Amino acid sequence: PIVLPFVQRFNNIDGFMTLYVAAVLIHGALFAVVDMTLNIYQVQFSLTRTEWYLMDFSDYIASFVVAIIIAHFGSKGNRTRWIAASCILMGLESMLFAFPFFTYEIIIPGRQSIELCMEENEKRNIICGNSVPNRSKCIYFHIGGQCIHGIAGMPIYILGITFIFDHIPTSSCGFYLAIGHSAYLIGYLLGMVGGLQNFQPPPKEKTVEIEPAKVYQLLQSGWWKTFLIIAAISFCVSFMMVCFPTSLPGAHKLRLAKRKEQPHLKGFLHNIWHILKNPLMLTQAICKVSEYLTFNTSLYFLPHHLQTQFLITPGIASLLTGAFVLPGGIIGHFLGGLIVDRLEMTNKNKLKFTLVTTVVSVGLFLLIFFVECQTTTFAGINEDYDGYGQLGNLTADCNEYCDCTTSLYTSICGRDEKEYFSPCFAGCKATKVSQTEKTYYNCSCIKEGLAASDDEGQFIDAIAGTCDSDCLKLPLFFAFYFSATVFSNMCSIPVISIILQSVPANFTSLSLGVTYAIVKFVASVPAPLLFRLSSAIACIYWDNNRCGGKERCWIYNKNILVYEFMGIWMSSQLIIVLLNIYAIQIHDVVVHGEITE
Ligand SMILES: *[C@@H]1O[C@H](CO)[C@@H](O[C@@H]2O[C@H](CO)[C@@H](O)[C@H](O)[C@H]2NC(C)=O)[C@H](O)[C@H]1NC(C)=O
């Protein structure tokens, strides 16, 4: 008996939009946390870099095994029911990805595995790896957590937008296409922003080794807190969508406005065959490939590049891309989408709109490449340590006494402006830590250095972290990075907007699945390997003495990576130019075939 005006105003075509972005927002909020959550799980919990990608890969293929199946199933049944169910399986997944943190907080603290580590012995506390059991058990919680993510997450991004296609007019779908994309972006922001404020250490970064044993508690409990709230929201949003009508009263009024004036295998193939037989969609999908190839690569390569040429803390460097690529992205859909929506752009109009959009963007990427040419301050990698030892001498006497470990080595600055790695390897037999900085004392393995130096309560000492005197180029880099990002997000709307037009209304449901199948398999499966091979190409100088099978590098080649990664994007960006010049002529030929004035 719910005949209140609400459920009549809650069956509005925006009443579906209100819950979809509400469904998307927590969906956006979820994944961004997980990538770091997976990443920190690898480093913290005694994993290899081999298994982490496998956990990452689990989300990707899970969407791929449902990007087609649910699309065939979304065509035949109620879209509203399936989305909330896929919203429901978000709730099951998100808490499930938080059970191992609470159940297995005993995996690897510094001293909480009492059976084998003695509280007085230091070598005992870092060996007897009982952490690798109760680790692979969690990975089963985690590979499940990643798989339930993609199997259920993908129908949310297919069916909901399909409901936007088939129920909302064209001249405002891009207005709705943009917000849905951005609601995934805004969760990419806060998935890092909200999550990391708890993962990033408390006001006490700088106490005795209890802090690694206290930071350990706040990350598992940090996500176990976060996912408990996240998952339940995915339930209450699903419960509201289930109450939404099967027969949408909003579309029925519009359907009669647009009415006037089996998914068999062969019929499935009839949809499959025309797509290849229409070289318009052929270009649309591959243009998206270079779009995602250059995008995803940058959002990964950039914090690594800011860590190697601009010498920015890897935790801080990751933030720099995360907190700054979105402001370009959000308006890129917002301004990009509203251009077609306000102007009711035609198929010929958007193709011209896409070309000049990308062409200037590449010259912006090219402009960034020109900026890389400028010289920057160089720390370490000065070939054999001033004649006192070779690369790898690094394991001298002062390494052994303060127990330096070749995996977490960081560069520290001496007063000679020379950059020394492994602040404890600097021979610093004493360290007094203040409230706002970390400093090292009695730094023996330092060279004369120490021209004027300074301090107050103590005299002379070296300051932890890298010292940078010429990082101004940084504002040029982001500035050029922003406008390239904006152009990218206003390339997405033109390609996705066209796909709706050249497909009949009943077949638009299977349209999203066709392109979405290429998203995770053809692109995201071969991509990491293409990066990984060329990642070592600039990371040649691996720590061969300790890490073993390429676990930690020391020379991410600041000249080769710049030429390789951005050149690949230069190779990648231009493919869109060739694809679209192929499309526009073919589009104009085929449109001519239907016009033949
Ligand atoms: C290491 O630094 C400390 C202070 O940061 C220096 O302190 C001296 O330590 C010796 C121990 O042999 C004491 O006899 C002195 O009285 C300490 N000095 C003061 C002012 O308290 C210590 O000298 C440094 N190590 C070396 C090898 O010089």
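Residues 81-341, 355-690, in that order, are what chain A shows, numbered as in Swiss-Prot.
If you check the header, you will see the structure was determined by electron microscopy, 2.9 Å.
Cβ coordinates come from backbone N, Cα and C, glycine included.
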Report task. Out of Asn389, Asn486, report back the residue that Swiss-Prot marks as N-linked glycosylation site. Result -> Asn486
Requested in this report: May I ask you to name which of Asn158, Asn214 Swiss-Prot has annotated as N-linked glycosylation site?
Outcome: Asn214
Report task. Quickly, which of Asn535, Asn599 does Swiss-Prot have down as N-linked glycosylation site? Just give the residue. Result -> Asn535
Query raised in the report: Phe245 and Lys441: same side of the membrane according to Swiss-Prot?
Result: yes
Report task. Count the CB pairs under 8 A between the transmembrane segment (566-589) and each of 302-324, 375-396, 605-624, then give me the winner. Result -> 375-396
Query - Set of same-chain residues at least 6 away whose C-beta sits under 8 angstroms from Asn486 (N-linked glycosylation site) - result: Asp477, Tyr478
Query raised in the report: Considering only Cβ pairs under 8 Å, which range in 95-118, 160-180, 254-277, 411-432, 605-624 makes the most contacts with the transmembrane segment (302-324)?
Result: 160-180
Query raised in the report: How many Å lie between the Cα of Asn535 (N-linked glycosylation site) and the Cα of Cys517 (disulfide bond)?
Result: 10
Report summary line: Cβ atoms other than its own within 10 Å of the Cβ of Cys491 (disulfide bond), all chains, total 19
